[PDB]
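Quick notes on the structure that follows.
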Amino acid sequence: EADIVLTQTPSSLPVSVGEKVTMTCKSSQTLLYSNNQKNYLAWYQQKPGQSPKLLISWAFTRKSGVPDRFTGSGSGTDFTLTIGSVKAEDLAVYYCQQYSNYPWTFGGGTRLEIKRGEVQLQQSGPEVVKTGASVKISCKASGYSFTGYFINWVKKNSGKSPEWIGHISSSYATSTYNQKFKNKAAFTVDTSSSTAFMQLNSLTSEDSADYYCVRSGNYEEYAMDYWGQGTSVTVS
């Protein structure tokens, strides 16, 4: 199977406080699993200068604490996120994301522009590295049982869809990679320090980006939920 492409429209949405918005996410392959009739689709919110947050998974299930005014709906290949009455705090890029089949993929996002009228992942600091060199980013987890969860890694560049690099099982230390990054990235975990690592090798200017570690789990918690603060890598 070809990688699943998620297409989001509109690309940007200029709205006012109090206005009702809807945005779409179309999948090139159905995300409806016949076995359980669940849609393997999530919505993430990335506010300016901040890491993404999970809003909704399973197409319509809000993460606890996410306001009522966010509503996810749709099935198969066609999904929508609605905000019943927007606030300035909703200013963000909204990304849909499929976790139906590897590699996991993200849509290109919808930029929402607004006019007036305990789980934590702590990553290492920003890196400046020479071409050809390597770097190892750490991701220290707290506030939950480390081994119960996967640690995902995600690459993000200024105007592009986030890219899922892969994930590692915290219990078994076995990894799944996106083929695009299989020769670039290497995951490890350290159970005794509750810390996940990603080594990036043979660095070029194309590797310059923000990198996040992101937790994901099992069953109801299958989707990526908690993100690290991000780690900037610049290759000079």
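Every chain in the structure tokens has a letter given in the order shown (A, B, ...), and although residue numbers restart at 1 in each chain, ligands are simply numbered from 1 in the order shown.
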Task: 6 Å contact set for range 117-132 of chain A, only C-alpha atoms, chain neighbours under 3 positions out, as JSON, numbers by chain - done: {"A": [16, 137, 138, 139, 140, 141, 142, 143, 202, 203, 204, 228, 231, 232, 233, 234, 235, 236]}
Output N, CA, C and O atoms for every residue in that selection, as a CSV table (one decimal), in the first residue's frame.
```csv
chain,number,residue,atom,x,y,z
A,16,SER,N,-13.2,35.6,13.1
A,16,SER,CA,-13.3,36.5,14.3
A,16,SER,C,-13.7,35.7,15.5
A,16,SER,O,-14.4,34.7,15.4
A,137,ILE,N,19.3,13.2,20.8
A,137,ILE,CA,18.3,13.9,21.5
A,137,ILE,C,17.7,13.0,22.6
A,137,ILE,O,17.3,11.9,22.3
A,138,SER,N,17.6,13.5,23.8
A,138,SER,CA,16.9,12.7,24.9
A,138,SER,C,15.5,13.3,25.1
A,138,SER,O,15.2,14.4,24.8
A,139,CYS,N,14.7,12.4,25.8
A,139,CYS,CA,13.3,12.7,26.1
A,139,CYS,C,13.0,12.0,27.4
A,139,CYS,O,12.7,10.8,27.4
A,140,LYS,N,13.0,12.7,28.5
A,140,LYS,CA,12.8,12.2,29.8
A,140,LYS,C,11.3,12.3,30.2
A,140,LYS,O,10.7,13.3,30.1
A,141,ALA,N,10.8,11.1,30.5
A,141,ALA,CA,9.3,11.0,30.8
A,141,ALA,C,9.1,11.0,32.3
A,141,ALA,O,9.9,10.4,33.1
A,142,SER,N,8.0,11.6,32.7
A,142,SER,CA,7.6,11.6,34.1
A,142,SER,C,6.0,11.6,34.2
A,142,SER,O,5.4,11.9,33.2
A,143,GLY,N,5.5,11.3,35.3
A,143,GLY,CA,4.1,11.3,35.6
A,143,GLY,C,3.3,10.1,35.1
A,143,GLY,O,2.0,10.2,35.1
A,202,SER,N,24.8,11.3,10.0
A,202,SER,CA,25.1,11.8,8.7
A,202,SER,C,24.3,13.0,8.3
A,202,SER,O,23.7,13.1,7.2
A,203,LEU,N,24.4,14.0,9.2
A,203,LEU,CA,23.5,15.2,9.1
A,203,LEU,C,23.8,16.1,7.9
A,203,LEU,O,25.0,16.3,7.6
A,204,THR,N,22.8,16.5,7.3
A,204,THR,CA,22.8,17.5,6.2
A,204,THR,C,21.8,18.6,6.6
A,204,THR,O,21.1,18.5,7.6
A,228,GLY,N,6.6,16.3,23.8
A,228,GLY,CA,7.7,17.1,24.4
A,228,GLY,C,7.7,18.5,23.9
A,228,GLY,O,6.8,18.8,23.0
A,231,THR,N,12.9,19.9,20.2
A,231,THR,CA,14.3,20.1,20.1
A,231,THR,C,14.7,20.6,18.7
A,231,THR,O,14.5,19.8,17.8
A,232,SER,N,15.2,21.8,18.7
A,232,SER,CA,15.7,22.4,17.4
A,232,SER,C,17.1,21.8,17.1
A,232,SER,O,17.9,21.8,18.0
A,233,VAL,N,17.3,21.4,15.9
A,233,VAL,CA,18.6,20.9,15.4
A,233,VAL,C,18.9,21.8,14.2
A,233,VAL,O,18.1,21.8,13.2
A,234,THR,N,20.0,22.5,14.2
A,234,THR,CA,20.5,23.2,13.0
A,234,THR,C,21.8,22.7,12.6
A,234,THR,O,22.8,22.7,13.3
A,235,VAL,N,21.9,22.3,11.3
A,235,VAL,CA,23.1,21.8,10.7
A,235,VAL,C,23.9,22.8,9.9
A,235,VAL,O,23.4,23.3,8.9
A,236,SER,N,25.0,23.3,10.5
A,236,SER,CA,25.9,24.3,9.8
A,236,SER,C,27.0,23.6,9.0
A,236,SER,O,27.0,23.7,7.8
```
Open item on the list: Which residues are close to residue 96 in chain A, i.e. within 7 Å by only C-alpha atoms, leaving aside same-chain residues fewer than 6 positions away? Reply as an MDAnalysis selection string.
Closed with: chainID A and resid 25 41:44 106:107 109
Keeping only C-alpha atoms, write the selected residues to a file as a PDB file, in the first residue's frame.
```
ATOM      1  CA  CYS A  25      -9.462  16.330   6.500  1.00  0.00           C
ATOM      2  CA  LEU A  41      -7.951   9.544  13.046  1.00  0.00           C
ATOM      3  CA  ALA A  42      -6.819  12.248  15.426  1.00  0.00           C
ATOM      4  CA  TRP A  43      -6.759  16.040  15.532  1.00  0.00           C
ATOM      5  CA  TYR A  44      -3.822  17.982  17.019  1.00  0.00           C
ATOM      6  CA  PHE A 106      -0.226  14.036   9.208  1.00  0.00           C
ATOM      7  CA  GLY A 107      -2.271  16.385   7.043  1.00  0.00           C
ATOM      8  CA  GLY A 109      -2.889  21.552   8.531  1.00  0.00           C
TER       9      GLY A 109
END
```
At a cut-off of 12 Å, can you tabulate as CSV every residue of range 23-123 of chain A near range 158-170 of chain A together with its closest atom pair and the distance in Å to one decimal, using only C-alpha atoms and ordering rows by chain then number?
```
residue,atom,partner,partner_atom,distance
A:44,CA,A:162,CA,10.8
A:46,CA,A:162,CA,10.9
A:48,CA,A:158,CA,11.3
A:49,CA,A:158,CA,11.1
A:51,CA,A:162,CA,11.6
A:52,CA,A:162,CA,10.3
A:93,CA,A:161,CA,10.4
A:94,CA,A:161,CA,10.6
A:95,CA,A:161,CA,8.1
A:96,CA,A:161,CA,9.8
A:97,CA,A:162,CA,9.3
A:98,CA,A:164,CA,10.4
A:99,CA,A:164,CA,10.2
A:101,CA,A:164,CA,11.9
A:102,CA,A:166,CA,8.8
A:103,CA,A:164,CA,7.1
A:104,CA,A:164,CA,5.9
A:105,CA,A:164,CA,6.2
A:106,CA,A:162,CA,6.0
A:107,CA,A:161,CA,6.0
A:108,CA,A:161,CA,4.5
A:109,CA,A:161,CA,6.8
A:110,CA,A:161,CA,10.4
A:111,CA,A:159,CA,10.6
```
File dump, residues just selected, N, CA, C and O atoms, as a compact mmCIF listing (two decimals), in the first residue's frame:
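And here is the file that came out, out.txt:
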```
# COMPACT_ATOMS: atom_id res chain seq x y z
N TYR A 44 -4.77 17.28 16.15
CA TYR A 44 -3.82 17.98 17.02
C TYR A 44 -3.89 19.50 16.82
O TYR A 44 -4.14 19.96 15.72
N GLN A 46 -1.66 22.96 17.37
CA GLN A 46 -0.37 23.58 17.66
C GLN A 46 -0.47 25.10 17.69
O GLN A 46 -0.54 25.74 16.65
N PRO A 48 1.01 28.96 18.47
CA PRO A 48 2.30 29.57 18.12
C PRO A 48 3.37 29.44 19.22
O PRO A 48 3.08 29.72 20.38
N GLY A 49 4.57 29.02 18.84
CA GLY A 49 5.69 28.87 19.76
C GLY A 49 5.50 27.77 20.81
O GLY A 49 6.18 27.77 21.84
N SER A 51 4.33 23.36 21.56
CA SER A 51 4.23 22.01 21.04
C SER A 51 2.77 21.65 20.78
O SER A 51 1.88 22.18 21.44
N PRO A 52 2.51 20.74 19.85
CA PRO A 52 1.14 20.27 19.62
C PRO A 52 0.50 19.66 20.85
O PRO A 52 1.19 19.16 21.75
N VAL A 93 -2.43 26.14 14.31
CA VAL A 93 -2.54 25.24 13.19
C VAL A 93 -3.14 23.95 13.72
O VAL A 93 -2.70 23.42 14.75
N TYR A 94 -4.17 23.46 13.04
CA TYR A 94 -4.86 22.23 13.39
C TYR A 94 -4.45 21.14 12.40
O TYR A 94 -4.63 21.32 11.21
N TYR A 95 -3.88 20.04 12.90
CA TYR A 95 -3.44 18.94 12.05
C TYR A 95 -4.28 17.70 12.28
O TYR A 95 -4.45 17.26 13.42
N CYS A 96 -4.77 17.11 11.21
CA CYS A 96 -5.30 15.76 11.32
C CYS A 96 -4.15 14.78 11.14
O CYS A 96 -3.08 15.14 10.65
N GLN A 97 -4.37 13.55 11.59
CA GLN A 97 -3.31 12.55 11.73
C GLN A 97 -3.91 11.14 11.72
O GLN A 97 -4.83 10.85 12.47
N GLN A 98 -3.38 10.28 10.87
CA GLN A 98 -3.89 8.92 10.80
C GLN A 98 -2.92 7.95 11.45
O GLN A 98 -1.70 8.04 11.24
N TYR A 99 -3.47 7.04 12.25
CA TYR A 99 -2.70 5.98 12.90
C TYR A 99 -3.30 4.61 12.56
O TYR A 99 -3.26 3.67 13.35
N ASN A 101 -2.46 2.82 9.53
CA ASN A 101 -1.40 2.00 8.96
C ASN A 101 -0.07 2.75 9.01
O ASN A 101 -0.04 3.97 8.87
N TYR A 102 1.02 2.01 9.22
CA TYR A 102 2.36 2.56 9.14
C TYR A 102 2.69 2.88 7.68
O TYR A 102 2.26 2.16 6.79
N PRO A 103 3.45 3.94 7.42
CA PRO A 103 3.87 4.91 8.45
C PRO A 103 2.71 5.84 8.81
O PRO A 103 1.86 6.12 7.96
N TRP A 104 2.66 6.27 10.07
CA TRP A 104 1.67 7.24 10.50
C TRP A 104 1.95 8.55 9.77
O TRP A 104 3.11 8.90 9.53
N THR A 105 0.89 9.24 9.35
CA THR A 105 1.03 10.50 8.62
C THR A 105 0.11 11.60 9.15
O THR A 105 -0.88 11.33 9.83
N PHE A 106 0.49 12.83 8.82
CA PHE A 106 -0.23 14.04 9.21
C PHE A 106 -0.72 14.76 7.96
O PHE A 106 -0.08 14.68 6.90
N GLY A 107 -1.82 15.49 8.09
CA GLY A 107 -2.27 16.38 7.04
C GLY A 107 -1.39 17.65 7.03
O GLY A 107 -0.55 17.84 7.90
N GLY A 108 -1.59 18.49 6.02
CA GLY A 108 -0.82 19.74 5.89
C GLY A 108 -1.26 20.87 6.81
O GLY A 108 -0.61 21.93 6.86
N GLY A 109 -2.37 20.64 7.54
CA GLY A 109 -2.89 21.55 8.53
C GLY A 109 -3.75 22.67 7.99
O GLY A 109 -3.69 23.01 6.81
N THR A 110 -4.54 23.23 8.89
CA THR A 110 -5.36 24.40 8.65
C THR A 110 -4.95 25.47 9.65
O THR A 110 -5.07 25.30 10.86
N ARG A 111 -4.44 26.59 9.14
CA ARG A 111 -4.02 27.72 9.96
C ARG A 111 -5.27 28.52 10.32
O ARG A 111 -5.94 29.05 9.45
```
Open item on the list: Just want the 10 Å neighbourhood of range 146-151 of chain A, counted on only C-alpha atoms, with same-chain residues fewer than 4 positions away dropped. Output as a PyMOL selection string.
Closed with: chain A and resi 121+139-142+166-175+187-197+212-218+221-222+224+226-227
For the residues selected in the previous step, produce a file with C-alpha atoms as a PDB file, in the first residue's frame.
```
ATOM      1  CA  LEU A 121       8.197  14.762  28.268  1.00  0.00           C
ATOM      2  CA  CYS A 139      13.334  12.663  26.090  1.00  0.00           C
ATOM      3  CA  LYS A 140      12.805  12.220  29.833  1.00  0.00           C
ATOM      4  CA  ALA A 141       9.349  10.998  30.814  1.00  0.00           C
ATOM      5  CA  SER A 142       7.561  11.637  34.107  1.00  0.00           C
ATOM      6  CA  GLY A 166       8.812   6.158  13.959  1.00  0.00           C
ATOM      7  CA  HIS A 167       8.306   4.783  17.457  1.00  0.00           C
ATOM      8  CA  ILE A 168       9.827   2.525  20.055  1.00  0.00           C
ATOM      9  CA  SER A 169       8.208   0.254  22.623  1.00  0.00           C
ATOM     10  CA  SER A 170       9.306   1.371  26.113  1.00  0.00           C
ATOM     11  CA  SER A 171       8.860  -2.181  27.441  1.00  0.00           C
ATOM     12  CA  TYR A 172      10.511  -4.194  24.635  1.00  0.00           C
ATOM     13  CA  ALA A 173      12.928  -1.623  23.148  1.00  0.00           C
ATOM     14  CA  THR A 174      11.866  -2.632  19.640  1.00  0.00           C
ATOM     15  CA  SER A 175      11.269   0.005  16.994  1.00  0.00           C
ATOM     16  CA  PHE A 187      15.788   4.906  18.868  1.00  0.00           C
ATOM     17  CA  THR A 188      16.786   3.614  22.284  1.00  0.00           C
ATOM     18  CA  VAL A 189      15.155   3.668  25.691  1.00  0.00           C
ATOM     19  CA  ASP A 190      16.558   3.629  29.214  1.00  0.00           C
ATOM     20  CA  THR A 191      14.058   2.066  31.612  1.00  0.00           C
ATOM     21  CA  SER A 192      15.944   2.965  34.797  1.00  0.00           C
ATOM     22  CA  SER A 193      15.965   6.694  33.974  1.00  0.00           C
ATOM     23  CA  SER A 194      12.577   6.732  32.141  1.00  0.00           C
ATOM     24  CA  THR A 195      14.329   8.290  29.137  1.00  0.00           C
ATOM     25  CA  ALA A 196      14.004   7.786  25.388  1.00  0.00           C
ATOM     26  CA  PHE A 197      16.705   8.803  22.901  1.00  0.00           C
ATOM     27  CA  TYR A 212       9.548  16.028  19.143  1.00  0.00           C
ATOM     28  CA  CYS A 213       9.159  12.910  21.204  1.00  0.00           C
ATOM     29  CA  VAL A 214       5.482  11.953  21.615  1.00  0.00           C
ATOM     30  CA  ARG A 215       3.811   9.374  23.801  1.00  0.00           C
ATOM     31  CA  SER A 216       1.257   6.868  22.483  1.00  0.00           C
ATOM     32  CA  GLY A 217      -0.318   3.878  24.138  1.00  0.00           C
ATOM     33  CA  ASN A 218      -2.674   0.924  23.746  1.00  0.00           C
ATOM     34  CA  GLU A 221      -4.901   5.399  24.304  1.00  0.00           C
ATOM     35  CA  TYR A 222      -3.554   4.160  20.932  1.00  0.00           C
ATOM     36  CA  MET A 224      -0.216   9.982  20.162  1.00  0.00           C
ATOM     37  CA  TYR A 226       1.531  13.973  24.999  1.00  0.00           C
ATOM     38  CA  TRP A 227       4.291  15.862  23.196  1.00  0.00           C
TER      39      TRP A 227
END
```
- [ ] Just the helix (DSSP H, G or I) stuff from range 3-231 of chain A, please, per backbone DSSP, written as a ChimeraX atom specification.
- [x] /A:88-90,146-148,179-181,205-207,219-221
Open item on the list: as an NGL selection string, please: every residue in range 45-77 of chain A that DSSP puts in strand (DSSP E or B).
Closed with: :A and (45-46 or 53-57 or 61-62 or 70-75)
Task: Best match for closeness to residue 112 in chain A among A:39, A:11, A:71, A:27, counting only C-alpha atoms - done: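 Between A:39, A:11, A:71, A:27, the residue approaching residue 112 in chain A most closely is A:11.
Proximity of A:223, A:40, A:28, A:12 to residue 55 in chain A, computed with only C-alpha atoms, is greatest for A:223.
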